[PDB]
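Convention: sequence-line order gives letters A, B, ...; per-chain numbering from 1. In what follows, every heavy atom counts, from backbone to side chain, and hydrogens, waters and symmetry copies are set aside.
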Amino acid sequence: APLX
Amino acid sequence: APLX
Amino acid sequence: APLX
Amino acid sequence: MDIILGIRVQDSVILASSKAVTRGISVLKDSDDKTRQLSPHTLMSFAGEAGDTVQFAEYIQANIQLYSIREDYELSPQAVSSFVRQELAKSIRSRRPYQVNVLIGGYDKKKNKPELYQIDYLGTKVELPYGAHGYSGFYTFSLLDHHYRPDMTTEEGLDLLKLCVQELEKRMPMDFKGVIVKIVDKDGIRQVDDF
Amino acid sequence: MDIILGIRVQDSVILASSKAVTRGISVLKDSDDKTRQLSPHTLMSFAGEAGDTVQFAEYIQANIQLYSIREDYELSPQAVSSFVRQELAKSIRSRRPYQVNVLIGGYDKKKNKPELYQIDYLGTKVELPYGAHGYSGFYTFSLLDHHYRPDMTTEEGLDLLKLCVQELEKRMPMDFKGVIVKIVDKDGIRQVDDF
Amino acid sequence: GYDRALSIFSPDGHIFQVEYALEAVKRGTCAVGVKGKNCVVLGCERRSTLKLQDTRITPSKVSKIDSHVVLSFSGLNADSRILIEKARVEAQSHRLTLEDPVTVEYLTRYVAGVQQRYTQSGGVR
Amino acid sequence: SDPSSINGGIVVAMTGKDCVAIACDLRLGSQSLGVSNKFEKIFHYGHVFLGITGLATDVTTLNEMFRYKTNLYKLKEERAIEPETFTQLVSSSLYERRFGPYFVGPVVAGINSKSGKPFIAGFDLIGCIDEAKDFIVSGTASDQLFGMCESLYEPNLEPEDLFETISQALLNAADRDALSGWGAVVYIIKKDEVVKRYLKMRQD
Amino acid sequence: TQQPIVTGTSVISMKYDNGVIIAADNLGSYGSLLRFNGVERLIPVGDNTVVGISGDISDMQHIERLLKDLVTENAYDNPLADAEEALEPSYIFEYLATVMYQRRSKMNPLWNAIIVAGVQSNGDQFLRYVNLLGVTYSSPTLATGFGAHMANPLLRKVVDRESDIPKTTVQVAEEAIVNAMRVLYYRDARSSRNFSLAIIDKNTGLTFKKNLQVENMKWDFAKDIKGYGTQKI
Amino acid sequence: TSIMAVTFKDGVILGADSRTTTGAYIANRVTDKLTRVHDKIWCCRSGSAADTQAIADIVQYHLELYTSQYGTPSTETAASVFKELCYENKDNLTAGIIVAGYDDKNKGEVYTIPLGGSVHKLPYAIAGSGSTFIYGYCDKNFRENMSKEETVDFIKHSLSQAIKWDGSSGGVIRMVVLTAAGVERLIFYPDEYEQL
Amino acid sequence: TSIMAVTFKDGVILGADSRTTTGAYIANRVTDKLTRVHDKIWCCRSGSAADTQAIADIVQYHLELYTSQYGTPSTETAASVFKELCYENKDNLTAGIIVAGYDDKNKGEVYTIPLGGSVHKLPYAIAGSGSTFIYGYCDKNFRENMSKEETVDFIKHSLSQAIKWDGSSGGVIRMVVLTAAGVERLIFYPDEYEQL
Amino acid sequence: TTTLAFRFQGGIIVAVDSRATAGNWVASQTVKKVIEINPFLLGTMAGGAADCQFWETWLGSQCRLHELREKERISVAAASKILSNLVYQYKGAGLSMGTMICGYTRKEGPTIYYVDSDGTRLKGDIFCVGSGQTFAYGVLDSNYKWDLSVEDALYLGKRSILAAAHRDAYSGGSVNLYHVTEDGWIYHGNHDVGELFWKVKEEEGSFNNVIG
Amino acid sequence: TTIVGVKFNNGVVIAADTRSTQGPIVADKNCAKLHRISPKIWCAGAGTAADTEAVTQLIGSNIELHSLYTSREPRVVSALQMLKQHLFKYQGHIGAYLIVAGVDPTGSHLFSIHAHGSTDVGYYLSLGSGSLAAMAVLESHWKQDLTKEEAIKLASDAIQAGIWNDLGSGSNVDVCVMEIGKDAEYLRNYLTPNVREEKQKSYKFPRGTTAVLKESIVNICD
Amino acid sequence: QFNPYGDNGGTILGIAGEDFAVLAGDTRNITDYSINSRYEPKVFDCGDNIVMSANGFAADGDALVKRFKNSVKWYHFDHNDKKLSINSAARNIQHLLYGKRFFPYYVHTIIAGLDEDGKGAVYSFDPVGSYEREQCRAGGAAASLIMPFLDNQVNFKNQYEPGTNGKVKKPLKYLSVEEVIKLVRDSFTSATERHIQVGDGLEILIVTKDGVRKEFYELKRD
Ligand SMILES: [Cl-]
Ligand SMILES: [Cl-]
Ligand SMILES: [Mg+2]
Ligand SMILES: [Mg+2]
Ligand SMILES: [Mg+2]
Ligand SMILES: [Mg+2]
């Protein structure tokens with residue numbers, strides 16, 4: 001999943 | 001590898 | 001165990 | 001539990017069920033009757049997980065008997081088998097499913113025909129001329145495929161059944177302590193005492 | 001494999017071994033002799049992992065027969081049992097151990113005494129008046145504790161053995177297809193054909 | 001390991017070490033074999049320069065290889081024990097794999113093969 | 001213990017010229033053990049036909065469920081449900097059990113009574129509608145069916161020709177699958193007549 | 001059984017009318033840490049071959065030493081070492097492919113993906129791939145890692161099949177490679193801006209370009225992007 | 001991510017990179033991680049994109065409802081609402097948030113909220129995977145009561161290094177200035193900050 | 001560990017903390033991680049204490065035998081021997097080593113050898129768990145051809161920050177100076193470097 | 001698989017199916033599961049296809065070497081024991097074999113040995129091996145007599161495989177029959193289950209479960 | 001799947017391929033991956049096919065009711081907000097990866113949504129297994145101030161990259177153009193570059209080839 | 001943990017006629033969802049009129065072919081340039097495969113050629129060396145799609161003579177080289193439609209007493  |  |  | 005067989009002939013349904021109850025390395029009982037009468041012309045045999053089997057069988061028995069009293073009428077074998085299937089179909093998606101396999105032998109008085117239904121714990125129903133549950137089928141089915149005829153008498157059915165039990169007693173690893181045999185026909189349910 | 005029993009009486013050693021060979025859900029054979037003659041007055045019965053049992057038994061047989069030819073002399077039952085124990089003791093720390101349990105029944109001609117040795121796959125040796133391997137002991141030992149006497153005849157030993165087999169046939173889960181019985185005494189080894 | 005080729009050919013085409021081994025056989029006590037219609041008999045000489053012997057325990061000249069085959073010999077006594085031992089082991093090994101005792105021809109062929117091997121192996125006589 | 005391959009079975013549907021065909025095998029087993037050779041996997045509600053492969057208990061349950069729902073539909077709507085509408089009903093009902101699904105592979109087939117258009121559709125076990133002009137396949141020999149259909153199929157086949165194509169697709173696919181076969185049934189569906197044919201096939 | 005420690009990312013390459021082009025960035029990553037920036041991952045062998053390597057850098061340096069030793073060994077007792085009996089790209093590749101498959105078969109692989117680019121003695125272009133599994137294949141365009149997913153699609157628009165190779169010039173080919181390296185910098189989290197590029201031509205020979213940078217990038221549109229949906233300010 | 005917030009003489013400035021990651025693939029190279037929860041209360045988001053977005057939206061809702069009843073909320077109040085969500089749902093969240101705001105009474109304030117949901121009021125804060133590489137640099141270079149231009153340079157140089165070493169950080173450097181004057185957005189491109 | 005080596009005008013300087021860790025317990029607070037393998041070729045040890053000691057001893061043996069036959073070995077040669085051990089035994093070793101030496105021809109040289117056993121020649125190198133926190137600081141502050149006093153200050157300030165943020169680093173800062181003049185050992189205590 | 005072999009008055013009947021399966025995929029319908037070790041010896045194949053095919057051909061080479069060295073046909077006991085001792089050396093490595101060494105010799109007479117990959121070796125009159133063995137046993141046991149004619153015994157072996165082929169999903173294709181006599185083994189044809197089932201159903205009146 | 005979205009002058013365009021796969025098998029060679037949420041708000045979906053269809057229909061239904069309730073044309077941010085809050089609630093178990101695009105009174109919009117509930121804004125976006133192939137093209141050829149005809153060309157080129165290079169994508173290219181002040185135009189099978197070649201042989205069987213055991217007329221009437 | 005195997009996809013097909021044999025295979029090579037090569041041959045002429053293909057894990061496939069080609073070379077050296085018959089090659093390949101029984105070559109092997117009577121021959125192998133002669137065999141990723149089609153068209157299964165009540169089968173006959181190639185081409189185009197790992201190109205090697213001839217055909221590239 002998209003991480004920052 | 002098939003069986004019999 | 002001992003680490004550095 | 002383990003061995004339950006069923007054969008539908010011309011005028012009757014014959015159920016055969018093993019007498020052994022084994023727990024661990026001990027045969028606790030050698031005279032266990034793995035069946036319940038649901039109605040005067042409908043008999044159910046069962047096998048599976050300990051406790052679940054009898055609990056399920058008696059629960060079904062109570063419901064069919066309740067129906068009989070309410071309507072003053074006997075449900076057809078087809079109707080009973082559908083009710084039983086639905087209960088198992090509900091059960092399989094429950095928190096703890098009934099792990100019970102059953103055969104339902106009945107004589108339809110309106111049609112004047114014997115009927116044998118095979119239902120597994122998933123709720124998989126089939127009407128058959130002969131049926132079995134567990135490892136029993138792996139010997140009997142091929143034997144019945146050969147020797148079975150649709151126009152057989154009750155006596156011919158019993159001899160055909162003896163042939164199956166003999167094969168199981170020869171090739172099965174476990175001692176199941178023989179079988180109790182019960183016949184379902186137009187006159188109701190009766191037990192064969194000498195088998 | 002499964003059931004091997006042994007009883008040492010006044011003048012002889014009696015070994016009883018089950019005839020069944022089961023693989024999966026099929027009894028492949030019902031007349032299997034689970035024993036090898038190591039010398040004229042020494043008999044070994046065996047049970048355990050498939051293949052290992054016969055391979056081990058025949059290997060021991062070859063070695064004792066080789067010894068007999070070399071020295072023109074028969075090794076004592078005690079000597080044979082120690083040799084067998086050491087081989088199993090070696091085996092247990094090998095790359096792939098022999099998973100075989102044995103009973104050794106022999107008649108010592110120098111002492112004029114029957115001798116029964118029980119050895120498991122770890123190399124655990126004990127001399128006993130009566131012995132068993134596997135689940136067999138859980139029924140027979142308590143039965144023999146009660147009925148066994150040290151001064152019994154061979155015929156009394158056979159009746160005592162019948163009592164054990166009857167108990168196993170009643171309470172054991174598996175059908176082991178009866179037993180082959182062999183007697184070891186001063187006159188050597190012979191088989192009881194009607195049991 | 002000791003490798004020397006001890007058994008070798010000579011100019012005239014003889015292997016002297018094999019021929020000298022025959023001279024050791026010629027020195028040994030006499031041994032005779034006669035076979036009848038339904039039996040075989042093995043006779044053996046024992047030299048009488050040795051009195052005060054104990055015949056109970058002294059190694060017998062005829063040896064059982066199996067219950068149905070026997071072996072006698074002439075020549076070096078110590079050498080014969082090695083052949084007899086190997087023969088006895090092979091007899092049991094044959095029973096184990098073929099599930100039948102050796103034939104006399106087979107047992108002979110094995111012993112002879114062992115003898116032959118020692119005529120073209122390095123470091124052995 | 002893979003729910004979609006315990007019992008075995010196959011269903012195939014095809015379109016032709018002013019007609020549709022749907023076919024299925026008759027096997028029901030328990031893994032290696034063949035149990036029944038009379039287990040039909042095609043059902044119909046009015047003129048709409050539904051084939052279902054997968055776990056047999058769910059096959060039976062869903063048939064009973066869609067009979068239930070199409071009967072109430074007819075009573076309230078005062079008309080028989082159409083294939084396009086029924087397809088949506090099947091999709092909704094399956095997705096309702098998104099995180100506890102029926103282990104099935106349904107196939108809708110029929111002709112719209114108003115427009116006369118042949119219609120077929122397929123679903124995965126959780127409701128995804130797969131619409132197709134040509135053919136839909138389902139079951140333990142779906143790979144085999146895809147191969148047979150893709151090669152044998154041509155558009156605008158007459159009912160009698162379409163029967164041969166769908167029959168040969170099913171039979172030869174079933175014979176390369178251990179868990180399928182033991183008899184077969186083919187439904188040929190025209191605007192206002194439906195013919196049902198049992199096929200002769202090898203029984204191993 | 002291994003796990004890679006210091007790693008190099010994509011290697012990309014393609015054929016053109018007279019030769020081959022290959023490129024790779026100068027980064028040695030240590031997991032998410034962009035540890036080493038002066039790492040050369042293109043290694044020339046003679047004046048006719050360039051071996052581009054991705055994956056474990058310790059294993060790359062081992063392969064460097066093997067190729068170095070191969071040149072030495074080929075020169076032994078070989079008067080035509082700089083002529084007819086010089087090392088061909090096909091010889092160099094088959095050697096590496098042999099080693100890679102042998103090492104995977106001993107369950108102790110060189111954790112790399114390798115592309116051998118060069119020109120044969122008869123003028124034919126050579127371009128072939130091999131990896132830690134010993135898997136080999138050839139194509140007009142070849143790329144490793146992220147390059148396989150992002151570069152290949154772009155390079156295949158120029159040379160989509162064999163017949164497009166004679167129609168592709170060195171100017172057009174290099175332009176596509178340089179563009180692909182920019183796209184990899186936009187989208188690969190273990191890539192750097194700095195890279196090396198090599199051209200092996202059948203006429204002009206081996207041209208090795210160091211210290212190239214990705215340039216002409218598009219970032220200005222970022223200022224207009226505010227929030228993640230409903231945000232106005 | 002690489003994110004930070006720094007207080008200074010006139011107020012506070014928030015800073016962030018613009019990269020979104022799905023594995024080693026950059027899913028978004030122009031992401032906005034500096035997010036409004038109130039006029040002059042903003043936050044820097046790190047960790048899960050979904051979690052931090054969902055939290056920020058809920059906080060914005062709470063502060064909008066707060067404002068309708070009780071007027072402008074303090075920066076401490078905003079940080080408290082973030083904490084409550086991050087603490088009580090710690091088992092299901094991956095959110096590292098820095099809250100920054102400007103009051104007229106309290107001037108510039110910075111609160112950092114790590115994974116556990118604890119609250120820490122600081123003069124400046126750094127967070128995200130890329131922050132690890134600039135703890136040394138930021139500690140040595142930060143001074144209190146810096147000017148706007150000095151603070152912008154401090155953040156620019158800091159995130160420049162964080163981006164240089166962290167593979168999970170990159171793209172543009174976004175900044176948001178919070179003062180009495182208002183709200184100013186700044187952007188800085190690779191060609192500038194890379195060669196610092 | 002926090003370790004580094006830095007080349008400068010007159011040669012090279014090695015630097016290290018003195019902390020040895022067994023869990024969160026400090027097994028030795030005065031450890032010497034700067035290790036002689038030859039007169040003017042030294043190394044910084046990080047990772048497993050046992051592994052790095054065993055490797056260093058073997059290298060020292062190899063270089064002593066090298067010297068007996070072929071005279072003084074180059075710094076590159078020493079690094080190669082380290083590499084050979086670290087690379088070939090990568091599955092069983094946890095050793096992050098920095099090799100530093102002074103030749104008269106080549107002057108000061110630094111080679112870093114990470115976990116995999118790769119070799120990297122650099123102007124300066126940092127390694128160990130604490131190095132992560134000073135990548136930003138070291139990159140911004142390092143210059144080539146520094147003086148002895150400048151290089152000492154650079155290492156002192158760098159390891160000071162590494163120690164400050166890394167729980168696995170601490171104690172005294174040891175240093176070893178390698179020049180034509182000879183070999184000089186330096187030590188710096190907490191009371192000095194903490195308040196930098 | 002389903003394979004059987006039994007002893008009777010007229011020698012040994014050997015019957016096998018011809019199906020190979022990779023999971024639920026039917027790989028082949030024409031596999032030779034009787035290996036012609038030599039004109040006098042038959043081996044049946046169940047379990048691993050390669051394991052059985054490779055090592056039973058190898059067995060034939062060892063039997064040939066025996067008769068060259070000993071100037072005499074190998075015994076069924078000795079042949080079976082070469083195979084069993086071979087697989088026992090590999091025990092635990094993962095070989096998969098369920099075989100039956102069948103042959104006729106002067107000293108032994110008609111003999112059948114069951115040999116499998118965990119080292120079991122059993123002399124016996126009747127054996128069924130394979131995933132459909134239980135189905136074959138049922139028909140075989142309930143119909144076997146030592147005094148069966150060569151004609152009847154051939155049918156029973158064929159009918160037993162058909163029973164398994166029908167019920168077992170992993171058995172099918174065709175039936176291969178063999179008769180083993182002193183003189184050697186005689187082949188009795190390949191019988192496709194496709195045609196054989198309907199032929200048996202019609203003529204025998206069995207298989208009433210199936211839609212006719 | 002390959003799906004893309006591209007903003008242009010006076011609106012937005014989305015596109016998709018038309019292959020659906022179960023494992024390595026192509027289940028549908030011409031499925032529709034472009035969904036309508038509202039007349040002028042369209043959705044491109046990748047991932048679990050049932051989830052994308054179900055979540056787009058549910059939000060599409062609720063958007064219609066919302067539009068009727070408020071007497072206003074639906075906004076893209078409303079569809080975005082409702083989708084993300086639904087997807088977040090289910091913690092990624094609803095495997096819907098979406099590109100949302102459309103026009104409304106506020107203007108023209110383009111978003112993406114991931115299964116866990118995170119959203120992104122952009123002028124060009126790509127999702128699905130062929131997103132890397134598509135994004136490579138978008139990153140190479142995209143520029144500010146695209147025309148309608150340029151955006152359609154760029155979008156369909158990005159889908160083609162996925163069709164040819166990604167095994168998960170194939171068959172045709174669908175497009176939908178949403179321009180401000182105009183009706184949205186759905187271009188089903190805008191490109192069809194994968195037409196099946198003529199077969200070498202007809203496999204039409206002679207009638208009677210198939211063996212038959214029983215025939216019977218089926219009653220469909222009451 | 002290191003996994004020494006991979007899947008390179010692709011599919012192969014061997015058919016035997018009266019006086020000829022064909023061995024066909026697609027030219028696509030893949031890993032996961034990516035294409036490695038659109039033209040990477042995997043059907044090889046091995047000398048002595050034997051063609052061979054080992055499909056599955058390409059590294060093992062190339063190694064096996066390499067070893068067999070080498071086996072043919074040494075057979076000539078050791079046996080006075082004797083021609084290696086197809087039956088002898090088959091047995092030799094069994095020993096090559098079974099030699100790695102406990103670390104197998106992950107490939108399905110097929111060889112084709114002419115037997116010693118000049119008649120067409122196809123042999124097929126499992127990964128560990130079990131082999132069998134057949135008229136017909138498909139191998140690889142799309143084997144399950146193609147094989148049931150061949151059963152129906154080559155060996156004429158389930159096809160009965162019209163009007164005969166399903167009593168008499170359609171009788172087997174040898175197919176011409178023209179008819180066989182039609183079936184090969186249609187088999188692969190069908191497999192290309194429904195299997196993602198199959199496409200790009202088709203290469204067919206035809207073996208007669210005159211030698212080995214090649215034919216190439218384009219396939220869909222999506
Ligand atoms: Cl975000
Ligand atoms: Cl230390
Ligand atoms: Mg079938
Ligand atoms: Mg079958
Ligand atoms: Mg970066
Ligand atoms: Mg394709």
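Of the possible polar contacts, one joining the G:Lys41 side chain to the G:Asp25 backbone as a donor-acceptor pair under 3.5 Å is found. L:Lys33 contributes no side-chain N or O that, together with a main-chain N or O of L:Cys31, makes up a donor-acceptor pair within less than 3.5 Å. Remark: side-chain polar atoms of M:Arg194 are paired, donor with acceptor, to backbone N or O of L:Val26 under 3.5 angstrom. For the pair D:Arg85 (side chain) and D:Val126 (backbone), a donor-acceptor distance under 3.5 Å is absent. Using modelled atom types, one side-chain atom of G:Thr87 and one backbone atom of G:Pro83 make a donor-acceptor pair closer than 3.5 Å. Using a distance-only test at 3.5 Å, with no hydrogens or angles considered, a donor-acceptor pair links the side chain of G:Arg27 to the main chain of G:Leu179.
For residues 50-76 of chain G, every residue pair satisfying the ring pair (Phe, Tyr, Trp, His ring centres under 6.0 Å) rule, not counting sequence neighbours, is listed here: G:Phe66-G:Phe86.
Annotation: D:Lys109, atom NZ; neighbour count of heavy atoms from other residues, nucleotides and ligands within 6.0 Å is above 12. For CD of D:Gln65, the number of neighbouring non-hydrogen atoms (other residues, nucleotides, ligands) closer than 6.0 Å is greater than 12. The number of heavy atoms from other shown groups lying within 6.0 Å of CZ (L:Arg36) does not exceed 12. By the 6.0 Å contact criterion, CD on L:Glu64 is open, its count of non-hydrogen atoms from other residues, nucleotides or ligands being 12 or less. By the 6.0 Å contact criterion, CZ on G:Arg79 is enclosed, its count of non-hydrogen atoms from other residues, nucleotides or ligands being greater than 12. Annotation: G:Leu75, atom CG; neighbour count of heavy atoms from other residues, nucleotides and ligands within 6.0 Å is above 12.
Ring-plane geometry between G:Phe99 and L:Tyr90 is classed as parallel, the angle between the planes falling under 30 degrees on a 0 to 90 degree scale with a further cut at 60.
Between G:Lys191 and G:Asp18, none of the side-chain N atoms (NZ, or NE/NH1/NH2) sits under 4.0 Å from a carboxylate O, so this pair counts as no salt bridge.
Here the OG1 atom belonging to G:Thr15 is positioned 7.5 Å from the CG atom belonging to G:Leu162, to the nearest 0.5 angstrom.
Counting only N and O atoms by type, the side chains of G:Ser5 and G:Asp2 include a donor and acceptor under 3.5 Å apart. There is no side-chain donor-acceptor pair under 3.5 Å between L:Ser171 and L:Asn30. Side-chain atoms of L:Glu53 and G:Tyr95 include no donor-acceptor pair closer than 3.5 Å. Under 3.5 Å, the side chains of D:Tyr121 and G:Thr57 contain no donor-acceptor pair of N or O atoms.
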Evaluate side-chain contact (heavy atoms from CB on, under 4.5 Å) for D:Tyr117 paired with D:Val102, printing each intermediate quantity in order.
CA-CA 8 Å; D:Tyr117 296 95; D:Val102 304; over 6 Å; no

Step by step, would you call G:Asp124 with L:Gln22 a side-chain contact (heavy atoms from CB on, under 4.5 Å)?
CA-CA 9 Å; G:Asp124 60 6; L:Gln22 359 184 16; 5.8 Å; no

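For the pair L:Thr52 and L:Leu98, the minimum side-chain heavy-atom distance is below 4.5 Å. Annotation: side chain of D:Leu128 is not in contact with side chain of G:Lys38 (no heavy-atom distance under 4.5 Å). A heavy-atom distance below 4.5 Å is found between the side chains of G:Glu150 and L:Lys29.
L:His66 meets the ring pair (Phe, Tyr, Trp, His ring centres under 6.0 Å) test with no other residue; sequence neighbours excluded.
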